[PDB]
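Notes follow the structure.
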Amino acid sequence: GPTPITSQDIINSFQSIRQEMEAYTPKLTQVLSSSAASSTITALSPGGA
Amino acid sequence: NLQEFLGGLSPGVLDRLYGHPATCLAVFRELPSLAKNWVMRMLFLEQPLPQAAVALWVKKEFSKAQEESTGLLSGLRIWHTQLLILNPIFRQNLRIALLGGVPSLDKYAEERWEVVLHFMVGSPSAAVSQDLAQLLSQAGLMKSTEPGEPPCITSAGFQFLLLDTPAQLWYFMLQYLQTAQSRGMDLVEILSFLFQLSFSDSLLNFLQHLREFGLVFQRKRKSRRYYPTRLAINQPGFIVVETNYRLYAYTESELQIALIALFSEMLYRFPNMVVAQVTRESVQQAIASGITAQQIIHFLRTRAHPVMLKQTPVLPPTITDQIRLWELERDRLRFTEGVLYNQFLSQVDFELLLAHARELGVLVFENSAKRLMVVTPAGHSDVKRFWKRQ
Amino acid sequence: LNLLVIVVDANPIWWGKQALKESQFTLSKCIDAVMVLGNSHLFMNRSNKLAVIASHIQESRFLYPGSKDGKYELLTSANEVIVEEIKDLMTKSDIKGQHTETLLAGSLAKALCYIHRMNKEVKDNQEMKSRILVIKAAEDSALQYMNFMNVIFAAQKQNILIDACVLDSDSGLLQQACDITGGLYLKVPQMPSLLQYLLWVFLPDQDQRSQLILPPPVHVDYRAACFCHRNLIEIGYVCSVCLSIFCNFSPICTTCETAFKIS
Amino acid sequence: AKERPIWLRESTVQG
Ligand SMILES: [Zn+2]
Ligand SMILES: [Zn+2]
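Protein chains in written order, with PDB author numbering: chain 1, 385 to 389, 396 to 439; chain 2, 18 to 100, 108 to 125, 145 to 242, 255 to 289, 303 to 458; chain 4, 8 to 72, 95 to 292; chain W, 274 to 288.
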């Protein structure tokens, strides 16, 4: 409607991602870190981003 | 409630009580509305944050919910100001708790609990267990005073009897925990099991008592594995009330008939029904034992037959009004121990003594016009000492 | 209770590009963050229940309909079921160069009816406040506008909140979607720290969303454009049949073929 | 209008 707006790249991405998740459940430490966590809260502050 | 129980605990026991498997989870569900959200937010943070931020993270409207939540958890000591980071043990345990690291049973629970109440009342036929009897006797709802004769039921026993099964059971377990410390049983170990249900020597004895109350059933000659009943995790009415103080209850279990007889006169007992009358003699008899009108109205209300559910209020007003009046008449003459004064030469001394009594709370009633007052015997020594000191 | 539904946009063309780029953020972490949000959500209350949906250029397949590590049994099933299912979908996938844009409208379509299916079976005693935590990860397709708009309106009538969580790109359509139904719209710029956002912004439910401070909504450009050019137009000449926004007055709009009478 | 009196509409007992 009115809402407004190489080939080998798909192959490379399709295979590379296929090999991404042979390891799973890294939640213990990999999901989050305190240093990144602290910055997020500051951003959510009124002066933050 | 469970919140009252955990609230009255020392910091030392609390963190120990915060066992890895469940306690970090069971106490979480308790968090009523907002503390749950705040808990998750500061669950991956290793850096404490200023107290101002928490205060301003709730809009001006409904600001009271913020204060009650923060106050509730401060007692639970989930975090510390450290200047509001959570307890590392709870943080670690909770993270381990968050991606880290039947029909016959209810009948058994229904049946086992019913027999306990049968023993609670003066039922000639009931299950016999010396440990159970003494536990109830020290539970504060029974007194024997004579091992040979079966124990009677105290005033508190009747009030407990008329309570609903959930409140009845929950209070019963509450006394068990308090008495567990007195007998020397560790409170933390036994407490943690209850939380784990909703998901050692003491444990076996504790489980044996739980199996006796009907909450759990091994079913395999007391094996290690247990299958908790519905009551472990934590129905239509039958009584029909007329306007002439007549109750028609569709009761087959002798327990219900026994309960109704506590505050009414039984007339007929049909195979699937029984006829009882709520006369002055019965109600005052129940009130004398210790009951108050609220339990009876609640007990009749909760066990209300569907037929009378259509009418609003479910209980006809006259029956409710009459029951309340009957208890009120009993306590028309309110007795209060006290000591009277006479021959006050001057009102200034009487007024000064009155102020002294008011400060200490010794005064129970005063009469300025007659220049006299009444003091309880406990405060009689205090005022007597004051009079001697002049 | 609240029935959460997480629409994860796992586009291999875009997500795989991250693997080639060797960037810090990866689809595996994204699934873990969403996994945590689902686990935390159900953590909130027993009555709460959740689900998950994955998006692919071909189709969308649900990722969700003892205590070996000392874990809660129920969430353990969630951890295992999603991990096994997501890998199967990613590992096995046909290649079609013609179609590469991520499909989201159909993915949502399955959700809306799913909530309706749950809403019927649940007992009338308890009221269910459903939500959709759409997590976009790639640019949308122009051809999907018409279908996507219908589902959004369906959500409005059915009272479901579309909580968009686009990242790495601002899809004007999706932000348009969330605004209609009153859902929040958060554009996380720190992908590694994505999870801190969800537990704070998205996780709180509509019941407590109002009595809470959250990022202000983004201005929505409800642009309109003629079919001639697809350029912003402030005055549109629609007919009574096509209901199509056109550029300038014409004897007859092409999409109608009607016998317009001049006057 | 012609509404019932207060002391009949609801119980006047102190309970
Ligand atoms: Zn044009
Ligand atoms: Zn037309």
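By construction, the Cβ of each residue, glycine as well, lies at the ideal position given by its N, Cα and C atoms.
Counting of Cβ neighbours within 10 angstroms places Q205 (chain 4) among the buried residues, the total reaching 16 or more. Contact of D399 (chain 2) with chain W is not assigned, every C-beta pair being separated by 7 angstroms or more. Distance from the C-beta of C271 (chain 4) to the nearest heavy atom of ligand 1 is not below 6 angstroms. Counting C-beta pairs closer than 8 angstroms gives fewer than three between the segment 151–158 of chain 2 and the segment 306–316 of chain 2, which falls short of the contact rule. Secondary structure of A193 (chain 4) (DSSP, three-state): strand. When the Cα atoms are used, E267 (chain 2) and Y282 (chain 2) turn out to be separated by approximately 14 angstroms.
At a cut-off of 7 angstroms between beta carbons, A413 (chain 1) makes no contact with chain 2. Looking at the DSSP output, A254 (chain 4) shares a beta bridge with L261 (chain 4). Contact between the segment 433–453 of chain 2 and the segment 133–143 of chain 4 is not established, with fewer than three Cβ pairs separated by less than 8 angstroms. Straight through space, the alpha carbons of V421 (chain 1) and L100 (chain 2) are spaced by roughly 28 angstroms. Short of 7 angstroms from the beta carbon of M376 (chain 2), and not among the five residues preceding or following it, lie these beta carbons of its own chain, in chain order: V308, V309, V382. For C257 (chain 4), the shortest C-beta to heavy atom distance toward ligand 2 is 6 angstroms or greater.
At least 7 angstroms separates the beta-carbon of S406 (chain 1) from that of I20 (chain 4).
Taking every protein chain shown into account, the CB of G23 (chain 4) has 16 or more other CB atoms within 10 angstroms, so this residue is buried.
Taking 7 angstroms as the cut-off, the Cβ atoms of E333 (chain 2) and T319 (chain 2) do not count as close.
Contact note: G385 (chain 1) reaches chain 4 through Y174, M175, using a C-beta cutoff of 7 angstroms and chain order. With its beta carbon at least 7 angstroms from every one in chain 4, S435 (chain 1) lies outside the interface. Of all C-beta pairs linking the segment 28–40 of chain 2 to the segment 71–87 of chain 2, fewer than three are shorter than 8 angstroms, placing the two stretches out of contact. A direct Cα-Cα distance of roughly 20 angstroms separates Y71 (chain 4) from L228 (chain 4).
Annotation for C276 (chain 4) indicates a beta carbon within 6 angstroms of some heavy atom of ligand 1. Of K216 (chain 4), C271 (chain 4), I262 (chain 4), the smallest CA-CA separation from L434 (chain 1) is found for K216 (chain 4). The beta carbon of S198 (chain 4) sits closer than 6 angstroms to those of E168, all from its chain and outside the five residues before and after it, given in chain order.
When secondary structure is reduced to three states using DSSP, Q345 (chain 2) falls in the strand class. Contact annotation: in the segment 187–198 of chain 4, no residue has its CB less than 8 angstroms from a CB in chain 2. Close CB contacts of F32 (chain 4) within its chain, under the 7 angstroms cut and outside five residues either way in sequence, are with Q25, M220, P221 (chain order). Inclusion of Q202 (chain 2) and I359 (chain 2) in the CB contact set at 7 angstroms is warranted, their separation being smaller than that value.
Relative to ligand 2, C37 (chain 4) has its C-beta separated by 6 angstroms or more from all heavy atoms. Excluding its 5 nearest sequence neighbours in each direction, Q211 (chain 2) has C-beta neighbours in its own chain below 7 angstroms: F203, listed in chain order.
Assignment of beta-bridge partners to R314 (chain 2) by DSSP yields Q345 (chain 2).
Residue state for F433 (chain 2) is assigned as strand, using DSSP reduced to three classes. Scanning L48 (chain 2), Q64 (chain 2), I95 (chain 2), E78 (chain 2) for the CA closest to the CA of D32 (chain 2) turns up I95 (chain 2). The beta carbon of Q64 (chain 2) sits closer than 7 angstroms to some beta carbon of chain 1. Residues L261 of the same chain have their beta carbon placed closer than 7 angstroms to that of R252 (chain 4), with the five preceding and five following residues left out of the count. Pairing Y266 (chain 4) with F275 (chain 4) gives a Cβ-Cβ distance under 7 angstroms. Close CB contacts of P194 (chain 2) within its chain, under the 7 angstroms cut and outside five residues either way in sequence, are with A176, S180, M185, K186, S187 (chain order). Cβ neighbours of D236 (chain 4) within its own chain (closer than 6 angstroms, five residues either side excluded): none.
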